[PDB]
$ cat coords33.txt   # compact mmCIF, C-alpha atoms
# COMPACT_ATOMS: atom_id res chain seq x y z
CA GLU F 3 1.81 10.22 -24.48
CA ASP F 4 -1.97 9.43 -24.71
CA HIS F 5 -1.68 5.64 -24.07
CA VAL F 6 0.94 2.99 -23.14
CA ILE F 7 0.88 -0.85 -23.58
CA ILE F 8 3.52 -2.66 -21.49
CA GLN F 9 4.37 -6.38 -21.69
CA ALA F 10 6.30 -7.02 -18.38
CA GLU F 11 8.01 -10.33 -17.42
CA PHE F 12 10.35 -11.32 -14.59
CA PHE F 13 12.21 -14.42 -13.37
CA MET F 14 13.84 -14.45 -9.90
CA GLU F 15 16.39 -16.78 -8.20
CA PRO F 16 16.71 -18.55 -5.85
CA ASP F 17 12.88 -18.25 -5.47
CA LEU F 18 12.25 -19.75 -9.01
CA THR F 19 9.23 -17.39 -9.52
CA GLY F 20 8.24 -15.73 -12.81
CA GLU F 21 5.26 -13.71 -14.04
CA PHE F 22 4.09 -12.46 -17.45
CA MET F 23 1.50 -9.66 -17.78
CA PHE F 24 0.21 -6.90 -20.13
CA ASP F 25 -0.53 -3.42 -18.76
CA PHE F 26 -2.68 -0.60 -20.28
CA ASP F 27 -2.21 2.94 -18.72
CA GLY F 28 -1.27 1.23 -15.37
CA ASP F 29 -4.04 -1.45 -15.15
CA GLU F 30 -3.54 -5.20 -15.79
CA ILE F 31 -5.06 -6.48 -19.08
CA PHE F 32 -4.13 -10.11 -18.23
CA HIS F 33 -1.42 -12.43 -16.90
CA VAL F 34 -0.50 -16.03 -17.61
CA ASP F 35 -0.92 -18.29 -14.55
CA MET F 36 2.27 -20.48 -14.56
CA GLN F 37 0.72 -23.35 -12.47
CA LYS F 38 -2.52 -23.50 -14.57
CA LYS F 39 -0.75 -22.71 -17.96
CA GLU F 40 -3.69 -20.35 -18.68
CA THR F 41 -4.34 -16.75 -19.80
CA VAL F 42 -6.25 -15.11 -16.89
CA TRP F 43 -8.03 -11.86 -17.97
CA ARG F 44 -8.18 -9.13 -15.24
CA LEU F 45 -11.95 -8.81 -15.97
CA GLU F 46 -13.51 -11.91 -17.71
CA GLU F 47 -15.41 -9.68 -20.25
CA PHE F 48 -12.00 -8.72 -21.92
CA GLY F 49 -11.63 -12.33 -23.15
CA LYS F 50 -14.73 -11.79 -25.40
CA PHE F 51 -12.82 -9.04 -27.35
CA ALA F 52 -9.22 -10.48 -27.34
CA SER F 53 -7.21 -13.78 -27.19
CA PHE F 54 -3.63 -14.64 -26.00
CA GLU F 55 -1.75 -17.97 -26.51
CA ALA F 56 -0.58 -18.88 -22.94
CA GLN F 57 2.21 -21.24 -24.27
CA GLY F 58 4.18 -18.26 -25.72
CA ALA F 59 4.31 -16.60 -22.24
CA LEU F 60 5.64 -19.86 -20.60
CA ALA F 61 8.34 -20.06 -23.34
CA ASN F 62 9.30 -16.38 -22.61
CA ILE F 63 9.63 -17.20 -18.86
CA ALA F 64 11.84 -20.30 -19.55
CA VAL F 65 14.00 -17.93 -21.71
CA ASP F 66 13.91 -15.20 -18.98
CA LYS F 67 15.32 -17.78 -16.42
CA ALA F 68 18.19 -18.62 -18.83
CA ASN F 69 18.83 -14.86 -19.43
CA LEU F 70 18.78 -14.31 -15.59
CA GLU F 71 21.42 -17.07 -15.01
CA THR F 72 23.67 -15.48 -17.77
CA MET F 73 23.39 -11.99 -16.08
CA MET F 74 24.05 -13.45 -12.56
CA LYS F 75 27.39 -14.88 -13.85
CA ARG F 76 28.23 -11.76 -15.98
CA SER F 77 27.49 -9.41 -12.95
CA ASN F 78 29.93 -11.48 -10.76
CA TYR F 79 26.82 -12.57 -8.78
CA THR F 80 25.83 -9.03 -7.63
CA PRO F 81 22.52 -9.46 -5.74
CA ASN F 82 19.31 -7.40 -6.18
CA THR F 83 18.92 -4.60 -3.56
CA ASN F 84 15.91 -5.12 -1.19
CA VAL F 85 13.66 -1.95 -1.46
CA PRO F 86 10.87 -2.00 1.18
CA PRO F 87 7.18 -1.40 0.36
CA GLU F 88 4.83 1.40 1.40
CA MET F 89 1.18 0.36 2.06
CA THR F 90 -2.31 1.96 2.05
CA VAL F 91 -5.54 0.32 3.46
CA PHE F 92 -8.86 1.71 2.09
CA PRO F 93 -12.39 0.48 1.20
CA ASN F 94 -13.32 -0.17 -2.46
CA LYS F 95 -16.67 1.82 -2.16
CA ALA F 96 -18.47 4.29 0.18
CA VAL F 97 -19.02 2.23 3.40
CA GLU F 98 -22.54 1.55 4.84
CA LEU F 99 -23.11 -0.73 7.90
CA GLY F 100 -24.07 -4.30 6.85
CA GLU F 101 -23.72 -3.78 3.00
CA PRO F 102 -20.88 -5.98 1.67
CA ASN F 103 -17.70 -4.14 0.58
CA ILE F 104 -14.00 -4.88 -0.20
CA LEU F 105 -10.98 -3.67 1.85
CA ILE F 106 -7.99 -2.85 -0.43
CA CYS F 107 -4.38 -3.20 0.81
CA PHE F 108 -2.21 -1.48 -1.83
CA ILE F 109 1.59 -2.19 -1.57
CA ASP F 110 3.92 0.01 -3.72
CA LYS F 111 7.57 0.86 -4.59
CA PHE F 112 9.16 -2.48 -3.50
CA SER F 113 11.74 -4.98 -4.93
CA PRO F 114 12.06 -7.93 -5.19
CA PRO F 115 8.47 -9.08 -6.05
CA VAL F 116 7.85 -11.37 -3.00
CA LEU F 117 5.39 -10.38 -0.18
CA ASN F 118 3.87 -12.19 2.82
CA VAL F 119 0.59 -10.23 3.30
CA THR F 120 -1.79 -11.15 6.17
CA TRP F 121 -5.30 -9.68 6.78
CA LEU F 122 -6.33 -9.54 10.53
CA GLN F 123 -9.90 -8.99 11.92
CA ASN F 124 -9.82 -8.05 15.66
CA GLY F 125 -6.20 -9.41 15.91
CA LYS F 126 -6.89 -12.79 14.22
CA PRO F 127 -5.85 -13.90 10.69
CA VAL F 128 -8.76 -13.96 8.12
CA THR F 129 -8.59 -15.50 4.57
CA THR F 130 -12.28 -15.91 3.43
CA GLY F 131 -12.61 -14.72 -0.21
CA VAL F 132 -9.18 -12.93 -0.27
CA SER F 133 -7.86 -12.14 -3.80
CA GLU F 134 -4.75 -10.37 -5.14
CA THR F 135 -3.45 -9.00 -8.45
CA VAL F 136 -0.11 -9.98 -10.05
CA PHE F 137 3.11 -7.91 -9.41
CA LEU F 138 2.30 -4.75 -11.41
CA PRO F 139 5.24 -2.92 -13.11
CA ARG F 140 6.44 0.68 -12.43
CA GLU F 141 8.59 3.02 -14.67
CA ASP F 142 11.31 2.88 -11.93
CA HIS F 143 11.25 -1.01 -12.24
CA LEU F 144 9.95 -1.50 -8.66
CA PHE F 145 6.55 -3.29 -8.25
CA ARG F 146 2.93 -2.71 -7.05
CA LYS F 147 0.37 -5.27 -5.76
CA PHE F 148 -3.30 -5.07 -4.60
CA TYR F 149 -4.81 -7.44 -1.97
CA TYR F 150 -8.62 -7.63 -1.56
CA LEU F 151 -10.58 -8.65 1.60
CA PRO F 152 -14.38 -9.07 1.34
CA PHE F 153 -16.04 -7.76 4.55
CA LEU F 154 -19.43 -6.77 6.00
CA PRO F 155 -18.89 -3.34 7.65
CA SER F 156 -19.66 -3.15 11.46
CA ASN F 157 -19.26 -0.59 14.30
CA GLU F 158 -16.81 -2.72 16.35
CA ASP F 159 -14.60 -4.62 13.78
CA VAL F 160 -10.95 -3.42 13.30
CA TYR F 161 -8.87 -4.69 10.32
CA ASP F 162 -5.04 -4.82 10.02
CA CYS F 163 -3.11 -5.45 6.78
CA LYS F 164 0.30 -6.89 7.80
CA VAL F 165 3.08 -7.05 5.12
CA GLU F 166 6.46 -8.86 5.42
CA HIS F 167 9.24 -8.07 2.85
CA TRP F 168 13.06 -8.56 3.05
CA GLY F 169 13.49 -4.72 2.74
CA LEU F 170 11.74 -4.28 6.20
CA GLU F 171 13.44 -5.01 9.63
CA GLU F 172 9.91 -5.47 11.18
CA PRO F 173 6.41 -5.95 9.68
CA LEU F 174 4.57 -2.91 8.22
CA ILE F 175 1.00 -2.96 9.69
CA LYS F 176 -1.81 -0.46 8.93
CA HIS F 177 -5.51 -0.62 9.96
CA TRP F 178 -9.01 0.55 8.98
CA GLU F 179 -12.33 0.44 11.03
CA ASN H 3 -7.99 -10.98 -32.88
CA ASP H 4 -4.76 -11.81 -31.04
CA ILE H 5 -2.65 -9.81 -28.57
CA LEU H 6 0.95 -10.60 -29.80
CA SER H 7 3.95 -10.94 -27.43
CA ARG H 8 7.64 -10.42 -28.26
CA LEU H 9 10.52 -12.65 -27.05
CA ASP H 10 13.65 -11.38 -25.23
CA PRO H 11 16.57 -12.80 -27.32
CA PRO H 12 17.60 -16.08 -25.59
CA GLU H 13 21.25 -16.40 -24.30
CA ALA H 14 20.93 -20.29 -24.29
CA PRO R 37 19.81 -15.27 1.21
CA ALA R 38 20.72 -13.06 -1.84
CA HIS R 39 18.14 -12.63 -4.69
CA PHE R 40 18.65 -12.22 -8.44
CA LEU R 41 15.98 -10.58 -10.65
CA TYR R 42 15.74 -10.12 -14.44
CA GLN R 43 12.94 -7.94 -15.93
CA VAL R 44 11.89 -7.65 -19.61
CA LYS R 45 9.59 -4.82 -20.75
CA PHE R 46 8.16 -4.18 -24.24
CA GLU R 47 6.51 -0.70 -24.23
CA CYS R 48 4.30 0.89 -26.89
CA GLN R 49 3.65 4.66 -26.50
CA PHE R 50 0.78 6.16 -28.52
CA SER R 51 -0.18 9.76 -29.30
CA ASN R 52 -2.93 11.06 -31.68
CA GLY R 53 -4.33 7.57 -32.27
CA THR R 54 -1.37 5.80 -33.97
CA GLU R 55 0.32 8.80 -35.73
CA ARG R 56 3.00 8.86 -32.98
CA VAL R 57 4.14 5.28 -32.03
CA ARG R 58 7.30 4.55 -29.90
CA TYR R 59 8.44 0.92 -29.24
CA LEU R 60 10.86 0.27 -26.31
CA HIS R 61 12.57 -3.08 -25.52
CA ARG R 62 14.08 -2.91 -21.95
CA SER R 63 16.48 -5.55 -20.45
CA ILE R 64 16.69 -4.92 -16.67
CA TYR R 65 18.97 -6.88 -14.29
CA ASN R 66 18.40 -6.34 -10.52
CA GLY R 67 16.08 -3.34 -11.31
CA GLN R 68 18.62 -1.50 -13.54
CA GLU R 69 18.11 -1.14 -17.35
CA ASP R 70 21.26 -2.59 -19.02
CA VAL R 71 20.25 -2.32 -22.74
CA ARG R 72 17.38 -0.73 -24.66
CA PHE R 73 15.93 -0.62 -28.16
CA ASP R 74 14.23 2.80 -28.63
CA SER R 75 12.52 3.07 -32.08
CA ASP R 76 13.06 6.90 -32.01
CA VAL R 77 16.86 6.06 -31.96
CA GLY R 78 16.41 2.96 -34.25
CA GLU R 79 19.57 1.27 -32.81
CA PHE R 80 20.23 -0.68 -29.54
CA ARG R 81 22.09 1.17 -26.76
CA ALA R 82 24.15 -0.26 -23.87
CA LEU R 83 22.85 1.94 -20.98
CA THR R 84 25.36 0.10 -18.67
CA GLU R 85 28.67 -1.76 -19.31
CA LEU R 86 26.78 -4.97 -18.24
CA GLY R 87 24.54 -4.52 -21.36
CA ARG R 88 27.38 -4.25 -23.99
CA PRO R 89 27.66 -8.06 -24.55
CA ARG R 90 23.82 -8.33 -24.62
CA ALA R 91 23.74 -5.35 -27.09
CA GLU R 92 26.39 -7.08 -29.33
CA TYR R 93 24.22 -10.29 -29.55
CA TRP R 94 20.98 -8.29 -30.34
CA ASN R 95 22.90 -6.18 -32.97
CA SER R 96 24.67 -9.33 -34.44
CA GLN R 97 21.43 -11.47 -34.49
CA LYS R 98 20.45 -12.14 -38.14
CA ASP R 99 17.40 -9.94 -38.95
CA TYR R 100 16.84 -8.71 -35.39
CA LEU R 101 17.58 -4.94 -35.94
CA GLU R 102 14.93 -4.89 -38.74
CA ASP R 103 12.46 -6.88 -36.55
CA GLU R 104 12.92 -4.38 -33.66
CA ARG R 105 12.54 -1.49 -36.20
CA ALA R 106 9.27 -3.02 -37.59
CA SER R 107 7.78 -3.62 -34.08
CA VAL R 108 6.01 -0.17 -34.13
CA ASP R 109 3.84 -1.86 -36.90
CA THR R 110 3.96 -5.67 -36.23
CA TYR R 111 3.46 -5.41 -32.40
CA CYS R 112 2.51 -1.86 -31.21
CA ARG R 113 0.06 -0.83 -34.03
CA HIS R 114 -1.24 -4.49 -34.12
CA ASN R 115 -1.93 -4.68 -30.36
CA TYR R 116 -3.51 -1.17 -30.39
CA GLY R 117 -6.14 -2.26 -32.98
CA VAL R 118 -7.18 -5.20 -30.73
CA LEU R 119 -7.33 -2.94 -27.64
CA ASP R 120 -9.22 -0.14 -29.53
CA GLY R 121 -12.05 -2.74 -29.91
CA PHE R 122 -12.89 -2.52 -26.11
CA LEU R 123 -10.05 -1.23 -23.81
CA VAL R 124 -8.77 2.12 -25.21
CA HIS R 125 -12.22 3.84 -24.84
CA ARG R 126 -13.66 1.97 -21.78
CA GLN R 127 -15.77 4.43 -19.70
CA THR R 128 -17.36 3.75 -16.27
CA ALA R 129 -19.46 6.66 -14.88
CA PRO R 130 -18.59 7.74 -11.32
CA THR R 131 -20.84 7.01 -8.28
CA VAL R 132 -21.23 10.25 -6.20
CA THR R 133 -22.44 10.76 -2.58
CA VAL R 134 -22.00 13.36 0.21
CA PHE R 135 -21.74 12.41 3.96
CA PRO R 136 -20.37 14.02 7.20
CA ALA R 137 -16.87 12.67 8.16
CA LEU R 147 -16.10 18.56 7.57
CA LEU R 148 -18.15 17.53 4.45
CA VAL R 149 -17.04 14.58 2.18
CA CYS R 150 -17.64 14.07 -1.59
CA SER R 151 -17.10 10.32 -2.40
CA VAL R 152 -16.53 9.74 -6.17
CA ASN R 153 -16.23 5.93 -6.77
CA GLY R 154 -16.07 3.35 -9.57
CA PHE R 155 -14.98 5.63 -12.48
CA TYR R 156 -12.64 5.13 -15.51
CA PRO R 157 -10.61 6.72 -16.98
CA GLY R 158 -8.79 8.81 -14.30
CA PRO R 159 -9.18 12.37 -15.69
CA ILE R 160 -12.04 13.95 -13.64
CA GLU R 161 -13.18 17.45 -12.47
CA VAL R 162 -14.71 17.44 -8.89
CA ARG R 163 -15.96 20.84 -7.57
CA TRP R 164 -17.51 21.98 -4.23
CA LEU R 165 -20.28 24.66 -4.70
CA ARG R 166 -22.15 26.57 -1.88
CA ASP R 167 -25.54 28.34 -2.55
CA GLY R 168 -24.61 28.19 -6.30
CA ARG R 169 -21.02 29.67 -6.06
CA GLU R 170 -17.90 27.37 -6.26
CA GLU R 171 -15.27 28.01 -3.50
CA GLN R 172 -11.54 27.10 -3.93
CA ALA R 173 -10.12 27.49 -0.33
CA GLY R 174 -11.15 24.76 2.22
CA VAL R 175 -11.16 21.84 -0.30
CA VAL R 176 -8.83 18.84 0.49
CA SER R 177 -8.37 15.94 -2.04
CA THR R 178 -6.81 12.42 -1.70
CA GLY R 179 -6.16 12.77 -5.45
CA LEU R 180 -6.74 9.87 -7.89
CA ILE R 181 -6.75 6.49 -5.99
CA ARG R 182 -6.33 3.40 -8.23
CA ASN R 183 -8.59 0.49 -7.07
CA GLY R 184 -6.59 -2.05 -9.22
CA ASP R 185 -9.88 -3.45 -10.78
CA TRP R 186 -9.98 -0.81 -13.65
CA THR R 187 -11.74 1.78 -11.38
CA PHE R 188 -10.54 4.86 -9.43
CA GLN R 189 -11.99 6.68 -6.44
CA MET R 190 -11.30 10.18 -5.03
CA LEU R 191 -12.56 11.75 -1.74
CA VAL R 192 -12.91 15.58 -2.03
CA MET R 193 -13.52 17.20 1.43
CA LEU R 194 -14.65 20.79 2.27
CA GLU R 195 -13.79 22.12 5.80
CA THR R 196 -17.22 23.76 6.38
CA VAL R 197 -18.90 25.83 9.17
CA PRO R 198 -22.19 24.02 10.07
CA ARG R 199 -24.66 26.96 9.52
CA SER R 200 -28.37 26.15 8.75
CA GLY R 201 -30.05 27.63 5.61
CA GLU R 202 -27.39 26.91 2.92
CA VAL R 203 -27.15 24.06 0.28
CA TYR R 204 -23.66 22.60 -0.57
CA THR R 205 -23.51 20.87 -4.06
CA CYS R 206 -20.77 18.33 -5.18
CA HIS R 207 -20.26 18.91 -8.95
CA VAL R 208 -18.53 16.05 -10.87
CA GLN R 209 -17.61 16.40 -14.60
CA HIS R 210 -16.19 13.14 -16.07
CA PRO R 211 -15.85 12.23 -19.81
CA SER R 212 -18.31 9.25 -19.34
CA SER R 213 -21.13 11.94 -19.56
CA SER R 214 -21.33 15.36 -21.35
CA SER R 215 -23.64 16.13 -18.33
CA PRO R 216 -22.32 16.40 -14.74
CA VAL R 217 -23.29 14.24 -11.69
CA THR R 218 -24.44 16.52 -8.81
CA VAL R 219 -25.27 15.81 -5.10
CA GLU R 220 -26.85 18.60 -2.90
CA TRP R 221 -26.80 18.67 0.97
$ encode --input "coords33.txt" --output "structure tokens"
Amino acid sequence: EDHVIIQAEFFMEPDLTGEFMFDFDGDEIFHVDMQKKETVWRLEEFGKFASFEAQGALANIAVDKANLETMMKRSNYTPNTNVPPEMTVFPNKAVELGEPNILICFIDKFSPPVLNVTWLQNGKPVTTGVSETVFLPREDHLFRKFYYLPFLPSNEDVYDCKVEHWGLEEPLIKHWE
Amino acid sequence: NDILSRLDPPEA
Amino acid sequence: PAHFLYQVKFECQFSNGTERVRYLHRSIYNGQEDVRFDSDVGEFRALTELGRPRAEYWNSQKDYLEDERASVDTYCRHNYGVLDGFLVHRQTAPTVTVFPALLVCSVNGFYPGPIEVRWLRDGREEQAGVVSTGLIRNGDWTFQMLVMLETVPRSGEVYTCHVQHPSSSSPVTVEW
């Protein structure tokens, strides 16, 4: 098919986490932030050409929780299988010393949608300006997620993306320099 | 011009 | 500690503008699809035994079958018309450089994914030697792709990186 629109929701227990997003050919259109009760467009410009009523999303998530609890009981409390991520670490653009850039940590093919992702610079945790997407859907019903780290490229800096997930026995750590 | 969502039938 | 996950997906598949529209309603417990509405079928289907009760409710709910059947129009064709006003035809031209790593063609910042990236040498395009990462999603509505050419460093000859992407009828070219 030429194009695909996907509305993807989840609720998860005992974590009590839920997300609501729209997807076009594998990129996020928007999500609803559950804390802020707000439609967050993936790029702000999109909100000039479209609108979405956040309150509907929240209602769907309350109903998804209820539907989860019914399926938990009907399944005789069969738990979700932990499927561990795979990870890639790469720069957003062609890298040039001292011209700001963004390091991308892409995490793929995991369930459930819970990650502890840590950026390290020369062995030490860094957080300045970090951003992330929502849990992006896959056809196989596993998840994807992007983490962004603003950096100023140098000769001597080494970066590690460290991911923790219940599907891994030990952390999955990759680097770029 | 509104993106519409659909609701998963609620089990109550 | 055990986890429990429920996923809902509403999919709209489009071909030839909106001549071919397929609506899918997926109910997914612990990553497995239990029950589906597929508008090509036009009835709900219990994919697993766990979905039969949930299929009975759906199928017994007052006007729900007709509402699912009308979703190709009320939801899919509706949402497409909104997205055709900015998303469906978004184009970002690629950014092209060459740099020594072996010779590297960096193609950055382009949408949509379909792209033709060729290595030329003194005017002729070679096929053997070329190694590609393939299409790399950036997650911000851009892709990148590094196309490398294992190359013998011999003075005299110009290597061109030829990039044809829908964003321009005309290619983006970088000599070395």
$ closest_residue --input "coords33.txt" --among "F:23, F:47, F:52, F:41" --to "residue 4 in chain H" --atoms "all atoms listed in the file"
F:52
$ closest_residue --input "coords33.txt" --among "R:177, R:84, R:218, R:95" --to "chain F" --atoms "only C-alpha atoms"
R:84
$ residues_around --input "coords33.txt" --residues "residue 66 in chain F" --least-positions-apart "5" --cutoff "9 Å" --atoms "only C-alpha atoms" --output "list in words"
residues 11, 12, 13, 20, 61 and 71 of chain F; 10 and 12 of chain H; 42, 43 and 44 of chain R
$ closest_atom_pairs --input "coords33.txt" --of "chain H" --to "chain R" --cutoff "8 Å" --atoms "only C-alpha atoms" --output "JSON lines"
{"residue": "H:3", "atom": "CA", "partner": "R:118", "partner_atom": "CA", "distance": 6.2}
{"residue": "H:4", "atom": "CA", "partner": "R:118", "partner_atom": "CA", "distance": 7.0}
{"residue": "H:5", "atom": "CA", "partner": "R:115", "partner_atom": "CA", "distance": 5.5}
{"residue": "H:6", "atom": "CA", "partner": "R:111", "partner_atom": "CA", "distance": 6.3}
{"residue": "H:7", "atom": "CA", "partner": "R:111", "partner_atom": "CA", "distance": 7.5}
{"residue": "H:8", "atom": "CA", "partner": "R:46", "partner_atom": "CA", "distance": 7.4}
{"residue": "H:10", "atom": "CA", "partner": "R:44", "partner_atom": "CA", "distance": 7.0}
{"residue": "H:11", "atom": "CA", "partner": "R:94", "partner_atom": "CA", "distance": 7.0}
$ atom_distance --input "coords33.txt" --atom1 "CA of residue 123 in chain F" --atom2 "CA of residue 163 in chain F"
9.2 Å
$ closest_residue --input "coords33.txt" --among "F:40, F:46, F:142, F:35" --to "chain R" --atoms "all atoms listed in the file"
F:142
$ atom_distance --input "coords33.txt" --atom1 "CA of residue 31 in chain F" --atom2 "CA of residue 3 in chain F"
18.8 Å
$ atom_distance --input "coords33.txt" --atom1 "CA of residue 165 in chain R" --atom2 "CA of residue 204 in chain R"
5.7 Å
$ axis_aligned_box --input "coords33.txt" --around "range 79-91 of chain F" --padding-each-side "4 Å" --output "JSON"
{"center_x": 10.6, "center_y": -5.3, "center_z": -2.7, "size_x": 40.4, "size_y": 22.5, "size_z": 20.2}
$ interface_residues --input "coords33.txt" --of "chain R" --to "chain F" --cutoff "9 Å" --atoms "all atoms listed in the file" --output "ChimeraX atom specification"
/R:37-53,56,64-69,86,112,115-116,118-119,121-124,133,151-154,182-186,189
$ write_last_selection --input "coords33.txt" --atoms "C-alpha atoms" --output "PDB file, in the frame of the given file"
ATOM      1  CA  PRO R  37      19.810 -15.270   1.210  1.00  0.00           C
ATOM      2  CA  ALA R  38      20.720 -13.060  -1.840  1.00  0.00           C
ATOM      3  CA  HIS R  39      18.140 -12.630  -4.690  1.00  0.00           C
ATOM      4  CA  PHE R  40      18.650 -12.220  -8.440  1.00  0.00           C
ATOM      5  CA  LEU R  41      15.980 -10.580 -10.650  1.00  0.00           C
ATOM      6  CA  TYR R  42      15.740 -10.120 -14.440  1.00  0.00           C
ATOM      7  CA  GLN R  43      12.940  -7.940 -15.930  1.00  0.00           C
ATOM      8  CA  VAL R  44      11.890  -7.650 -19.610  1.00  0.00           C
ATOM      9  CA  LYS R  45       9.590  -4.820 -20.750  1.00  0.00           C
ATOM     10  CA  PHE R  46       8.160  -4.180 -24.240  1.00  0.00           C
ATOM     11  CA  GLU R  47       6.510  -0.700 -24.230  1.00  0.00           C
ATOM     12  CA  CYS R  48       4.300   0.890 -26.890  1.00  0.00           C
ATOM     13  CA  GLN R  49       3.650   4.660 -26.500  1.00  0.00           C
ATOM     14  CA  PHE R  50       0.780   6.160 -28.520  1.00  0.00           C
ATOM     15  CA  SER R  51      -0.180   9.760 -29.300  1.00  0.00           C
ATOM     16  CA  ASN R  52      -2.930  11.060 -31.680  1.00  0.00           C
ATOM     17  CA  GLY R  53      -4.330   7.570 -32.270  1.00  0.00           C
ATOM     18  CA  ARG R  56       3.000   8.860 -32.980  1.00  0.00           C
ATOM     19  CA  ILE R  64      16.690  -4.920 -16.670  1.00  0.00           C
ATOM     20  CA  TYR R  65      18.970  -6.880 -14.290  1.00  0.00           C
ATOM     21  CA  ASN R  66      18.400  -6.340 -10.520  1.00  0.00           C
ATOM     22  CA  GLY R  67      16.080  -3.340 -11.310  1.00  0.00           C
ATOM     23  CA  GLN R  68      18.620  -1.500 -13.540  1.00  0.00           C
ATOM     24  CA  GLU R  69      18.110  -1.140 -17.350  1.00  0.00           C
ATOM     25  CA  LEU R  86      26.780  -4.970 -18.240  1.00  0.00           C
ATOM     26  CA  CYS R 112       2.510  -1.860 -31.210  1.00  0.00           C
ATOM     27  CA  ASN R 115      -1.930  -4.680 -30.360  1.00  0.00           C
ATOM     28  CA  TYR R 116      -3.510  -1.170 -30.390  1.00  0.00           C
ATOM     29  CA  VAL R 118      -7.180  -5.200 -30.730  1.00  0.00           C
ATOM     30  CA  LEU R 119      -7.330  -2.940 -27.640  1.00  0.00           C
ATOM     31  CA  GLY R 121     -12.050  -2.740 -29.910  1.00  0.00           C
ATOM     32  CA  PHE R 122     -12.890  -2.520 -26.110  1.00  0.00           C
ATOM     33  CA  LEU R 123     -10.050  -1.230 -23.810  1.00  0.00           C
ATOM     34  CA  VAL R 124      -8.770   2.120 -25.210  1.00  0.00           C
ATOM     35  CA  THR R 133     -22.440  10.760  -2.580  1.00  0.00           C
ATOM     36  CA  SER R 151     -17.100  10.320  -2.400  1.00  0.00           C
ATOM     37  CA  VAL R 152     -16.530   9.740  -6.170  1.00  0.00           C
ATOM     38  CA  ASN R 153     -16.230   5.930  -6.770  1.00  0.00           C
ATOM     39  CA  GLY R 154     -16.070   3.350  -9.570  1.00  0.00           C
ATOM     40  CA  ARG R 182      -6.330   3.400  -8.230  1.00  0.00           C
ATOM     41  CA  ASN R 183      -8.590   0.490  -7.070  1.00  0.00           C
ATOM     42  CA  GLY R 184      -6.590  -2.050  -9.220  1.00  0.00           C
ATOM     43  CA  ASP R 185      -9.880  -3.450 -10.780  1.00  0.00           C
ATOM     44  CA  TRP R 186      -9.980  -0.810 -13.650  1.00  0.00           C
ATOM     45  CA  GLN R 189     -11.990   6.680  -6.440  1.00  0.00           C
TER      46      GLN R 189
END
$ decode --input "coords33.txt" --residues "range 126-156 of chain F" --atoms "C-alpha atoms" --output "short mmCIF file (atom, residue, chain, number, x, y, z; two decimals), in the first residue's frame"
data_model
loop_
_atom_site.label_atom_id
_atom_site.label_comp_id
_atom_site.auth_asym_id
_atom_site.auth_seq_id
_atom_site.Cartn_x
_atom_site.Cartn_y
_atom_site.Cartn_z
CA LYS F 126 30.01 9.92 33.23
CA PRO F 127 26.20 10.33 32.92
CA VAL F 128 25.10 13.40 30.82
CA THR F 129 21.49 14.77 30.56
CA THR F 130 21.83 18.35 29.10
CA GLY F 131 19.16 18.86 26.38
CA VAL F 132 18.30 15.11 26.06
CA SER F 133 14.96 14.38 24.30
CA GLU F 134 13.11 11.19 23.33
CA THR F 135 10.14 10.15 21.17
CA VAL F 136 7.14 8.13 22.42
CA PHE F 137 7.05 4.27 22.13
CA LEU F 138 6.59 3.88 18.35
CA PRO F 139 4.52 0.88 17.10
CA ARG F 140 5.73 -2.02 14.86
CA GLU F 141 3.64 -4.47 12.68
CA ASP F 142 4.90 -7.32 14.96
CA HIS F 143 3.48 -5.34 18.02
CA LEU F 144 6.94 -4.78 19.57
CA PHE F 145 8.10 -1.13 20.04
CA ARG F 146 10.75 1.41 18.84
CA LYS F 147 12.09 4.53 20.63
CA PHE F 148 14.61 7.30 19.71
CA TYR F 149 16.77 9.14 22.31
CA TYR F 150 18.57 12.37 21.32
CA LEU F 151 21.78 13.84 22.89
CA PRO F 152 22.93 17.33 21.79
CA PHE F 153 26.76 17.40 21.57
CA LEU F 154 29.66 19.50 20.23
CA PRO F 155 31.92 17.03 18.32
CA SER F 156 35.58 16.76 19.60
#
